[PDB]
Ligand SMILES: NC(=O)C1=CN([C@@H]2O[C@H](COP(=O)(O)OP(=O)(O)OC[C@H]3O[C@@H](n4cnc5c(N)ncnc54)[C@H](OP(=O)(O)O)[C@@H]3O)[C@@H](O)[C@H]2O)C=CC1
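Next up: just one chain, as structure tokens, the form solved without the named molecule.
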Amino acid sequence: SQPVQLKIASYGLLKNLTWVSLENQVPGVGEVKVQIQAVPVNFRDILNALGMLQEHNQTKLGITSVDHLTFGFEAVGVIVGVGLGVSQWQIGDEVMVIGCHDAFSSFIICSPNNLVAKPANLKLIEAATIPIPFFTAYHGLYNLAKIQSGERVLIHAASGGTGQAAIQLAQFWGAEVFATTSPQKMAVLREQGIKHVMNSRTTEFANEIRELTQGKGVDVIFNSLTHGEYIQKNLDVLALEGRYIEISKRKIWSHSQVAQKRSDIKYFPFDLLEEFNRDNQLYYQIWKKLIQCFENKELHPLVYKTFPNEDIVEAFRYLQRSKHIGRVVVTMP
């Protein structure tokens, strides 16, 4: 059809998602225009559609009203315009886009610092599964937690995109992986070679890990569940001087609050987009290492299901339900 951008007419219902006309934009100094070909849905997109991040988005981002909210944090596509002062990108170049906020658009304008090259051995669509999960998992496990061979790591929500990336990375580095997921998905995790798999929908994992480790706990926790009593349960299973990586957005504890309960542990709450704001070379730097792993087949793209963009509402619901392991990738016309 015509150039479009995904919007939500008002907060609270996924059926309110609408493709609206997208006016043409020219890239300015230090900007590139990218024609989008495929975009994964992220859970943050669903929370935003539901209006569950209104406080967060108002303060840190420009978002005062639903009419300034856009969707999509990563994509794959082709460079179609190059602004003044941009070198080493050319029209026609295939790129992965990481860390935008409007990927669900026919075209986006962004910094070259948000672009990385596709591993040439992968199909474009496969490559779309990589950016948010692997950059988030690498940043948390390596840049922050500094995970070592032989250490025990608990990866929560391990069937989701980021959790799946974190399994691949932790296993590559030779950590002992403990995982939580929904009971229905435990069987698939087991066959990825995970020895210890537990229920993500109760706090029963605390006692189970205590028993499994005979009171020693785990060295690293990679968490995305904070609702209710999960944060405190995580603190209870963390080994002495362990590292707690927190990527949840709603209701997280401060460093001081964490220190009140466990003064010995390192605490890493983070948002990948804020970390890029601190260091605009973050994606370039991570990808310098990661692209080689994907080229050597040491890491691999994630399971996915595709949907055409006209089926955007069903694509969102399909991820919200997550009956099976798999990212949801939407193709653009």
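Heads up, when I say rigid core I mean the largest set of C-alphas that superpose within 1.5 Å between the two forms. One rule holds for the numbers: they count along the sequence shown, beginning at 1. Only residues modelled in both forms are compared.
Form deposited with the named molecule bound: not shown, discussed below.
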| property | result |
| --- | --- |
| Non-hydrogen atom within 4.5 Å of the named molecule in the deposited complex for each of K33, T70 and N309 | no |
| In the deposited complex, the residue from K251, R201, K195, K123 that sits within 4.5 Å of the named molecule by heavy atoms | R201 |
| Single option in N113, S106, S224, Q168 placed near the named molecule in the deposited complex, where near means a heavy atom within 4.5 Å | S224 |
| Non-hydrogen atom contact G77 with the named molecule in the deposited complex at 4.5 angstroms | no |
| Any non-hydrogen atom of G160 within 4.5 angstroms of the named molecule in the deposited complex | yes |
| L272: touches the named molecule in the deposited complex, heavy atom cutoff 4.5 angstroms | yes |
| Non-hydrogen atom contact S182 with the named molecule in the deposited complex at 4.5 angstroms | yes |
| Segment assignment from 212-220, 225-233, 169-177, 86-94: heavy atom within 4.5 Å of the named molecule in the deposited complex | 225-233 |
| After core alignment, residue runs (3 or more) whose Cα moves 2 Å or more between the shown form and the other one | 322-324 |
